[PDB]
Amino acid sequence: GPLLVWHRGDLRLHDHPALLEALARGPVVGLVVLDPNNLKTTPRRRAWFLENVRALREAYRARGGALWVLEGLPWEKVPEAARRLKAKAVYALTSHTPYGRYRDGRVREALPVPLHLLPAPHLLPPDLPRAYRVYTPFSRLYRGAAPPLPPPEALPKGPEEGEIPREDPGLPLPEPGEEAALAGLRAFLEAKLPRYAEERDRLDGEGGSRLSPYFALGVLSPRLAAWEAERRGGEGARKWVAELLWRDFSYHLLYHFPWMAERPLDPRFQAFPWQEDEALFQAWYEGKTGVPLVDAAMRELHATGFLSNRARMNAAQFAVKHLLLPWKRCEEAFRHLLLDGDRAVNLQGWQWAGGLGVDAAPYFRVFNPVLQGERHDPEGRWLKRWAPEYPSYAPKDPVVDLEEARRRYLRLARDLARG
């Protein structure tokens, strides 16, 4: 009987510990389960996942191999596939998330054959004994990527079952699949890496790799990416790998501090008097704040499903600090709009930008939204693409008074954080 390789957020054949572990023991059949716990989300994100499952199937077929795709609860469908295939055992990459642990425990209960979970490739794993709140001490544990595992060359024949629905994303998707991902990585490392340190804070995000949507679904291994960048080397190289490490730091943080999905990491801010306000929330959410940078950022996000780091930190902080909007609502709304939307990473970014205790970033740093545009969109080209409404970064009729908002936040904040 075959071994089942169950792909979850790891829609690739390269650097895939579970796939090779299984192949070394016998013939394999792969499986994806379309799980409503993950797929009951926005069309853009469902489609991005589905189209990558479709690409993974194409990759299996091109190698002569068989990828099943079933729809439903994993603890019903994984056992179903095991029974139908007469599988000897199921292999998958460990998941340390509360849902991943819940689901995998339930699957192990329902399976009458072993479930073998292998460590997912990381630069640093999320479940180290020690709990860092600060990126620098965490980052020093990393000493360069281990080598990635090869993809299989050809795959053993097996039966294929199951359909992959076609859904409307509502917008243009990147090219799905690991072949497009690896091409994009190779091009970034050639063209852009040298100036990455100098260009990564552009509001247009064009100094970066734009590989997040692949990372978020495991279509590209972070180990492979760090490994390739380190073989390329140069100055941008250390700095770009540092950013891959912020991804791992985000998993580390949600792992050691799970409660941060409920409340600020900094207990000093847990009683901050946020102001619910529907009209205000909608103005932010729809990019109608009258603040050029924020409005351009939120309008690109709706239209495209992507935003540069520098745009994200400005859009997110603005809601929290200038508008005082409850962070949980905004956080979630923001994730639902992102192709690369990744709960742990988005939470990290929000708690960092909002000054809620990640990396002990200080409350007093408040983005001046006009300086930020002047400094990170030099000739206004990015503003002109995304809200040509506005002839400069000067607020035209802002939903709040901006200097008062700044004064009010800092007052409030410098007043919880002391005492």
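When you see a residue number, it is the position in the sequence shown, counting from 1.
* Output the stretch having the higher mean C-alpha B factor in the entry; the candidates are 348 to 356 and 64 to 72. => Higher mean C-alpha B-factor in the PDB entry: 348 to 356.
* Mean CA B-factor: is it higher for 267 to 275 or for 186 to 194? -> That would be 267 to 275.
* Tell me, please, which of 86, 140, 252, 130 has the highest C-alpha B factor according to the deposited entry? => It is 130.
* Largest Cα B-factor, entry values, listed residues 399, 18, 11, 24 -> Within the set 399, 18, 11, 24, 399 shows the top C-alpha B-factor.
* Asked: Which third of the chain does residue 234 land in by C-alpha B-factor: lowest, middle or highest?
  -> Highest third.
* Could you tell me which third, lowest, middle or highest, the C-alpha B-factor of residue 383 occupies within its chain? => As the PDB entry reports it, the C-alpha B-factor of residue 383 lands in the highest third of its chain.
* In terms of the CA temperature factor given in the entry, to which third of its chain does residue 328 belong: lowest, middle or highest? -> It belongs to the highest third of the chain when residues are ordered by C-alpha B-factor.
* Asked: For residue 135, does the deposited CA B-factor place it in the lowest, middle or highest third of the chain?
  -> Tercile = lowest for this residue's CA B-factor.
* To do: Among all modelled residues of this chain, ranked by Cα B factor, put residue 41 in the bottom, middle or top third, i.e. lowest, middle or highest.
  => Its C-alpha B-factor belongs to the middle third of this chain's values.
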